[PDB]
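Quick setup: one chain, the form deposited in one PDB entry, written in structure tokens, and binding and motion questions come after.
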């Protein structure tokens, strides 16, 4: 039996759950008989990303719906969808491109989780929880409830929950201090860079085995840049509820996982509307999506020399913007240093 803490053990079980991976694929209307978990490959997802990038071209250049039909069908050939003997819905718009790009982002993380679980070594004498924990190459420790860092994190959760996200309230079950192998060494060029903030990153439970082993990555070159609001980068939020929406929890699965990462933002490229950029303008290290609401800047605190915007939501004074809340995007994976992993219970009030 495993000597790991019970919350650490429950975390491993949750992220390496094969049925949850299958459930996530079903959600994206994938045909599991034509394409099960085992048949998924980095190559197939990449080829589908490229076919989606072709759909991105047809939509923008106002191509005929009879020319988009073959591009749409090609995507379904690479990624089989559950429609049986019926014709599948037409991928002829930017929304369909975005939705299928999000699916492929998840499939790429699900593939990493499954390859980890099916690769390596099988040993009956060792606890399967301990074996799977080692595969993540991440030091996971339980943060003591009565510690100052736990009080800071709980205040951050409590204060940055938005009114427009009141269909549920949030309960912090566990706070994990995480240390990805080699990540501190990778973050070294940006360790002293100004504007370093502790920000939120919400994702589906089925993506965390991929996130903890490989780190938060950027969508591949094959991915359609127009399917990403501020281009292919790593997205963060200063509001817990904005990130918590990306946990994709329901009444049937109310437990989610959220990250707290130290992001070296530096000189921010402040944007109000969609900008599908491949590269940042000279002298800029990040993009700040200007939201209508911002945490109180006077209420900012410093946890290990890192700014924690745990202030309650106040008006930013930003007019004519497509965002209700701020977002932060970095375009170099070395600019992120993951600090905490939170297990949350979503108490749906609907």
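Definition used throughout: the rigid core is the maximal C-alpha set that superposes within 1.5 Å between two forms. Positions refer to the first chain, counted from 1.
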statement: Stretch with higher mean Cα temperature factor, 66-74 vs 42-50, is 66-74
field: 229-237 versus 213-221 - greater average Cα B-factor per the deposited record
entry: 213-221
message: Just the C-alpha B-factor column, please: which of 268, 247, 198, 90 has the biggest number?
response: 90
- request: Name the residue from 185, 147, 160, 166 with the greatest C-alpha temperature factor listed in the entry.
  value: 147
- line: In terms of its chain's C-alpha B-factors, the third that includes residue 179 is the middle
field: Modelled-residue ranking by C-alpha temperature factor, third containing residue 114
entry: middle
task: Looking at the entry's B-factor column for C-alpha atoms only, identify whether residue 349 ranks in the lowest, middle or highest third of its chain.
output: highest
task: Select lowest, middle or highest to describe the third in which the CA B-factor of residue 6 falls within its chain in this entry.
output: middle
message: Is residue 139 in the lowest, middle or highest third of its chain when residues are ranked by C-alpha B-factor?
response: middle
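Although not depicted, the form deposited in another entry is the subject of the following passage.
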Position that moves between the shown form and the other one after core superposition, taken from 187, 246, 76, 168, with Cα shift of 2 Å or more: 76
Residue 136 C-alpha relocation of at least 2 Å between the shown form and the other one, rigid core basis: no
message: Rigid core superposed, CA of residue 93 - does it shift 2 Å or more between the shown form and the other one?
response: yes
message: Does residue 294 move appreciably between the shown form and the other one, meaning a CA displacement of 2 Å or more on the superposed rigid core?
response: no
message: Closer or farther: the C-alpha atoms of residue 227 and residue 168 in the other entry, versus the form shown, with a change of 3 angstroms or more?
response: closer
query: Quick one: residue 323 and residue 96 C-alpha atoms, closer or farther in the other entry compared with this form (3 angstroms or more)?
result: farther
